[PDB]
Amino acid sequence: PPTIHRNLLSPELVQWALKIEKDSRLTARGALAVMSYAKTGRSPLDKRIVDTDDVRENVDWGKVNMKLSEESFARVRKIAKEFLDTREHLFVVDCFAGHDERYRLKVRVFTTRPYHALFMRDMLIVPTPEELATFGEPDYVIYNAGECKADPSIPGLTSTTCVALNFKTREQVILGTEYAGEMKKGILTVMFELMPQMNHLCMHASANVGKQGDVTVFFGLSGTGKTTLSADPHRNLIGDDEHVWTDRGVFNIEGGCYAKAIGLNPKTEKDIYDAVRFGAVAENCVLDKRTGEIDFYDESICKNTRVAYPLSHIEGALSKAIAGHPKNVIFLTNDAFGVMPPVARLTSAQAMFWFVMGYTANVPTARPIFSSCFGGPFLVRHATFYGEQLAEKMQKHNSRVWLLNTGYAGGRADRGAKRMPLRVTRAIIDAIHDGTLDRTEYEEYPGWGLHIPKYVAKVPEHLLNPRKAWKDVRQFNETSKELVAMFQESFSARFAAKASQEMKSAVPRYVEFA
C-alpha cells in the first residue's frame, strides 16, 4: 500500500522532493527547483466539464467548456485513483480556497509529486492545526495523477492528457500533465461556477489596497500586467491573479502567487525576486552551474517559467487577504497592434462591452485574442452572465472603470514596434490612485469612441493619443481599420443576437484620420 503523507510541512515536502524527484534541487536561496517535463503549460484542448444535470443548463458549452460523459469521467477517475493507490508514496494537502471564511471552500489534493503538494500548500490557504484535525469532508477533491497517462480511446478524450472537473461529485481528475497550473486553474474554474450560484462575482484579476483602504482590481490574462502592476510600493498586495467580489468586498482565492519567472531581477522586481527563496518553488527554470542561482532570463526549457511562493513572502501583502469594494476597476489589454490608448476612462456602457469582449493578447509573437472577461479559459457561465454581475457591482459601489494598454505603442508588434513603457502605465495608475486622472479633462479617441485624457503627469502627450505615436499615419489607419473589423466580427459572432441597445452602440467604428 502507498505510504500516505498527510499535510506535511513545507520543509518536509522539500525533503521528499529532493529524495524522490530525480531532477529537483535547491537554489542558492533555498527555493525548490523542479521541472514539469512534457507539459510546461495548460492543456485547454484536454479540459472537460462533466455533463451533469445540476450544471448542464448554466455551462457555456463551446471552445472552452467541453462535455465529458459521466461514464467516461468514471473511467478516467478510476485510472487516476488506481495510479495514486499504487504509488510508493502519496501526498495529501488539505486547504482552503478563499480567505473569507463565510465563502471559502475546503479542498483536498492528492499528488504523487512532492512539489505539487508544496505548490498547493503555497497556493491555497493552509488550515490551522485544529481545522486539520476537524477538517471533515472536503468540499472538493483533486486527484492529481498527472504523472500517469489517460487512455485516449475513452469516449470524449482526445489525448493521453485529461483535466476533468465534475461539479456533481465535486472532483477534478488530472492525467498526463505535471504542469502545476492545472490544479490552480481547476480551482479557479470551480469558483467561476460556485460564486455565480451564490451570486458573487469571480474575477480573473489581481488586487491591492491603498493606505486609505481604497481597493483596485486589475483584470487580464496571464502575463499582461496583473502581477507586476498590482505590486505597488505604496499599496498592500491582496492577490496577484484571482479574486471574488462579494457583498462584503473582495477576497483572494489563493494563499500564494504563481508568477511568471521570466526576467525576474532585484532591480525592477525586488519583492517578487526576494520571494523566490526557501518554501518557494521554481518550475522549469534553469539554474547557473557556478552559483546555483536561477537564470531568470533562460527560457531554454520553455517560455512559461514559473515561481510559486506563499503570500507571506511578499512584504506588505495582507495576512488575511480580504478588503473592501473596488473603488477602481482596471481592464488590462495587451494590444499587439499598438492602437489601444495607454489609458481610457470607460463609461458604464463601455465597461460592459469591453469587459465581455475581452480584447487583449496571449503571451507565449504576442497573439491578439478576445477572451471573455479577461479569463475566457476559466469561465463556466457565459460572458454576459459575469458582465451583468460586474455592471451591478460597479453601479452599486460607484467604481471607476479604466482600460489600460499594456501591449505596444507607435506601431505593430509584428513590425518591430516598442512595448508601452512600464513607467508610463505605472504613472497612469498613480494618477488613478491620486484622484487626479478622474478630475482631468478628456477627449474622444475617434472611431473607438474611447475617452482619453488630454494630460497625465509623467506621461507624454503623443502617447495618450495612439494616433500621435505612429510615424506613418497611413499605417495607423490601416491597422486601426483592421482591428475595428476584428472587433465587429467578434461582436457579431458572440453577442449581437442578444445584445442590448447600449452594447451595440459601444461597438467601435472605423474613422480614417484626416
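Don't overthink the numbering: it's just position in the shown sequence, from 1.
Unmodelled residues of the deposited sequence between residue 364 and residue 365: 4 to 9.
Of the two segments, 412 to 420 and 351 to 359, the one listed with the higher mean B-factor is 412 to 420 (C-alpha atoms only). Look at the mean CA B-factor for 380 to 388 and for 265 to 273 in the entry; the higher one is 265 to 273. The residue among 100, 241, 315, 171 whose C-alpha atom has the highest B-factor in the PDB entry is 315. Residue set 160, 284, 300, 406: peak C-alpha B-factor at 300 (per PDB entry). Among all modelled residues in this chain, the alpha-carbon of residue 491 has a temperature factor (C-alpha) in the middle third. Among all modelled residues in its chain, residue 142 ranks in the lowest third by Cα B-factor. Ranked by C-alpha B-factor against the other modelled residues of its chain, residue 111 falls in the lowest third.
Ranked by Cα temperature factor within the chain, residue 12 sits in the lowest third according to the deposited record. Sort the modelled residues of the chain by CA B factor and residue 46 lands in the lowest third.
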